[PDB]
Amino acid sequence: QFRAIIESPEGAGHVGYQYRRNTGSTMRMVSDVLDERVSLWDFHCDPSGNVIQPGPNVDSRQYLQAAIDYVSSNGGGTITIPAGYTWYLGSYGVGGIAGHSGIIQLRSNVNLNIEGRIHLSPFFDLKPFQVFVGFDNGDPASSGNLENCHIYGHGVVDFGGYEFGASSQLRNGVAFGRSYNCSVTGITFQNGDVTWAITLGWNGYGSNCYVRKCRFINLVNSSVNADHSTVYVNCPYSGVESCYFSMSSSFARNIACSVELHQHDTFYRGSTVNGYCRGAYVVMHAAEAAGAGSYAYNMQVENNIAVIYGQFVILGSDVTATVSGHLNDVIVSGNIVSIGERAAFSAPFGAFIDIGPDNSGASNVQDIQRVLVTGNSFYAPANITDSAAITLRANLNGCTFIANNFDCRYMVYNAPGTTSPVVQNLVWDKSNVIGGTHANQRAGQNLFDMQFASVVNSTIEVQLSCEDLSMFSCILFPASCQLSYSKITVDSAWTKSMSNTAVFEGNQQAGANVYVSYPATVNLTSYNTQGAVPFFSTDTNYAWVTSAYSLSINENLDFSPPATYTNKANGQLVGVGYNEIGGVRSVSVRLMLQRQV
């Protein structure tokens, strides 16, 4: 009768054990010690309790769910998905996750240690799915929370390579739901056509959710795929750190973004991106303001490495009928980003920062301010016409650039004949270094092309570090752009031979509170008088000039033009030079024109 017990499933519960023969240790049974761990093998069995080998013809979903449900009932634990095996999923889950096209329901305090591989079976080909779902209701607004759920290990989630069947479908790897202290660490997500790999939170509900040391490889593969963002961070106090993102499909270059940060106190740091269209969206959607309020603040994008084809960071905020989204207190620092090799205009417009209009294309709903962009490097190959430090395409209430290195076609850009952004508090510090890769490519183009409705309380301190005589101007304001309470300067270095430096097509530099300086060539003529003698400009376009000074040597012995000039009411410049010998003098001089500076 003892033999029967020992060979029964209660057998281990009759074999005694004491840790290391320590007489001070608990007198236990072997089953107690084995019960301290749990794996999928403990649930991957047929109705008679016989273990089933996983494989492409076995659907492991019900067994994994049984494991999760059971461990949940004991207050949690960690289930191991064993190494050396591929565990296939081949059906949809039931109940609360069915509304989410869910496969597996995650549960609070039940962690998954994925050491083996989880593969999607062809049941999912051309269909929607979300592999792991933390919602417990079809309607997220009526869902309970997921808490203390961690997925980690050296294993792999493989989406089977299946294309989307229709653009309207959604696909996800891990949707944590209304998620508090949940995380994914170490996992490789690969070989799919999905909308997201991981979503965190739901419309501001959730906290302390993180993606760390994960890899995401080849997760877009078709023209059907409407849009892809690898990680969507939709709860506060959450972020993505030390991850690796790679795409190889041409479609990903037009549709894929690595991360989005959609709630306050979120971050994206220390990650490497290759083959994506975009780096990160940093936005406040009014529609997503329920859980954590209508402000996305304390947003951090730092120390990432990227090769992308479109825009690195996209800023935005928008409104609904009853809620207004605001984006403020953002830092973008220490990133090194390039636009990968491509033809001009062959992917979305290349940019380090984009101020993006809302999903309906509106440029007059945004409330974006207190952004710092500092200590980044950006590069686009010389052929890429559509490359800018910032594409400023919607209303901006402030963005500050200090000590970056931007090596691309444009510094500030917006297309003419499109949006007319209202710009406030745009600061471009003199410590921004403008690279020379695009020198000689800029025929017909303005380095800072200020195609806006208006600019106020802004600073543009242009500093070249090499010549580019191809450009039409360093900075141009069309007559349609109002300019007030602003500082616009062009340093003279490398500008001696430029026909135009700063261009104000509406004469906007004459504004009462516009502070400007830039180089210009000026023709002057003197009076005949021997001795101290006035020189006057021939042209009368300098009524706005407070002072000017020589940027040219004086090749003459018998006279010298003035070193410095002021203006007169008729718009001439005037200064006092010296005629060692008398005579009317005529000179053409390069001057630094100054207004209130």
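Start at 1 with the first residue shown and count on from there.
If you average the C-alpha B-factors over 49 to 57 and over 561 to 569, the higher value belongs to 49 to 57. When the C-alpha B-factors of 430 to 438 and 99 to 107 are averaged, 99 to 107 comes out higher. Within the group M498, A290, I187, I353, the record's highest C-alpha temperature factor is found at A290. Taking the deposited Cα B-factors for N234, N74, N395, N414, the highest one is held by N74. In the deposited entry, the Cα temperature factor of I581 places it in the middle third of its chain's modelled residues.
Ranked within its chain, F124 lands in the highest third, by CA B factor from the PDB record.
Ranked within its chain, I68 lands in the highest third, by CA B factor from the PDB record. The PDB entry assigns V597 a C-alpha temperature factor belonging to the middle third of its chain's modelled residues. Ranked against the other modelled residues of its chain, the C-alpha B-factor of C257 as given in the entry falls in the middle third.
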